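Engineer: There's a structure below that I have some questions on.
Don't worry about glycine lacking a Cβ; one is built from the backbone with ideal geometry, like all the others, and counts go over all protein chains shown. Nothing in this text is a laboratory measurement; each read-out follows from the coordinates by a stated rule.
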Amino acid sequence: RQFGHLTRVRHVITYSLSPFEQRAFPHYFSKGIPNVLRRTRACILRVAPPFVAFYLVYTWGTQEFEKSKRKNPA
Amino acid sequence: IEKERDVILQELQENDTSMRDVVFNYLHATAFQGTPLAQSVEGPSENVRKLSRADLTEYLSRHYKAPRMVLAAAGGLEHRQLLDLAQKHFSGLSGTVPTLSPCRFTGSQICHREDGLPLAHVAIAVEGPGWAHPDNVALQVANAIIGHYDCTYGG
């Protein structure tokens, strides 16, 4: 497979420019950083809470294990 | 003015068929983007449906002026038969205007993808030097070094 016999296209225009005629990193800080946060606010709630529990189960996994080797009053 | 205003809009439908003229219209519109030269010659439909007698009056009132006009002729005549007629008729011309902005060049790509057609007219080009620049003589050769061909030459 290659270009030429994939599918159909009709009434579509494409504009584009050389790289040399534009800076590589414009608006990186200015516009990127909100887009980072917007990318963040759409994903954290479905990614973190597993790892949140993991941090806790990693915590309680040690403490209970830590106590068990410590003796009892007898 | 109103009749022709329909004639124009009839043609911008026609030039959809004039695929060669489509390309050069697109091409000039890219490299010279943002400048006046990116404009077409016939113009958008919109301005043709907003044009005025007065804008033409102003346009006429500024560009048609003797210091920026030329008369020329050839054939079985004499240069002095003619010189009186210009001194006769065009002597009444208004013989008295901005200059040029250097129209830059851009390297940019444009692509009007359309698979429903038989073929694809294509164009590519670069900066040209201009008129007075002498190396244009050389380039007209190189265009002819590569020459041309269209589906008919028995060579």
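Engineer: Among A:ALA48, A:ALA24, which is the only one that is surrounded by 10 or more Cβ atoms within 10 Å (Cβ to Cβ) and at negative phi?
Structural biologist: Of the residues listed, the single one that is surrounded by 10 or more Cβ atoms within 10 Å (Cβ to Cβ) and at negative phi is A:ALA48.
Engineer: With the checklist (1) polar (S, T, N, Q); (2) part of a loop (DSSP other than H, G, I, E, B); (3) closer than 27 Å to A:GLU21 by Cβ in hand, flag the one item B:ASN25 doesn't pass.
Structural biologist: (2)
Engineer: Same structure, new question: Name every residue in the range A:5-45 that is at the interface with chain B (Cβ under 10 Å from one of its Cβ atoms), outside any loop (DSSP other than H, G, I, E, B) and aliphatic (A, V, I, L, M), in order of residue number.
Structural biologist: Correct list: A:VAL12, A:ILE13, A:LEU17.
Engineer: Would you pick out the residues in the range B:28-41 that are of a type outside the set (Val, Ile, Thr) and assigned to a helix (DSSP H, G or I)?
Structural biologist: B:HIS28, B:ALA29, B:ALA31, B:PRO36, B:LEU37, B:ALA38
Engineer: For the range B:34-83, which residues satisfy the criterion of being under 30 Å from A:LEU17 (Cα atoms), exposed (fewer than 10 other Cβ atoms within 10 Å of the Cβ) and among the small types (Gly, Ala, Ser)?
Structural biologist: The one that is under 30 Å from A:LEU17 (Cα atoms), exposed (fewer than 10 other Cβ atoms within 10 Å of the Cβ) and among the small types (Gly, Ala, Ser): B:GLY34.
Engineer: In the range A:5-21, what residues are closer than 12 Å to B:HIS112 by Cα and either surrounded by 10 or more Cβ atoms within 10 Å (Cβ to Cβ) or among the polar types (S, T, N, Q) (or both)?
Structural biologist: A:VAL9, A:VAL12, A:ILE13, A:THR14, A:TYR15, A:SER16
Engineer: Okay, moving on. Looking at (1) within 14 Å of chain B (Cβ to nearest Cβ); (2) exposed (fewer than 10 other Cβ atoms within 10 Å of the Cβ); (3) closer than 30 Å to B:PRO118 by Cα, find the lone condition where A:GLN2 falls short.
Structural biologist: (1)
Engineer: Looking at the range A:55-69, can you tell me whether even one residue there is within 21 Å of the chain's Cα centre (by Cα) and more than 29 Å from B:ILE110 (Cα to Cα)?
Structural biologist: Yes.
Engineer: While we're looking at this one, here's another question. From (1) closer than 30 Å to B:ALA29 by Cβ; (2) surrounded by fewer than 10 Cβ atoms within 10 Å (Cβ to Cβ); (3) small (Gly, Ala, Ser), pick out the condition that doesn't hold for A:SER68.
Structural biologist: Status for A:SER68: all satisfied but (1).
Engineer: Looking at the range B:9-44 only, could you name the residues that are of a type in the set (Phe, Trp, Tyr) and either in contact with a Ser or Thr (Cβ under 8 Å, 6 or more places away or on another chain) or farther than 22 Å from B:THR106 by Cα (or both)?
Structural biologist: B:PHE32 - this is the single residue of the range B:9-44 that is of a type in the set (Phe, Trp, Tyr) and either in contact with a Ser or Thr (Cβ under 8 Å, 6 or more places away or on another chain) or farther than 22 Å from B:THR106 by Cα (or both).
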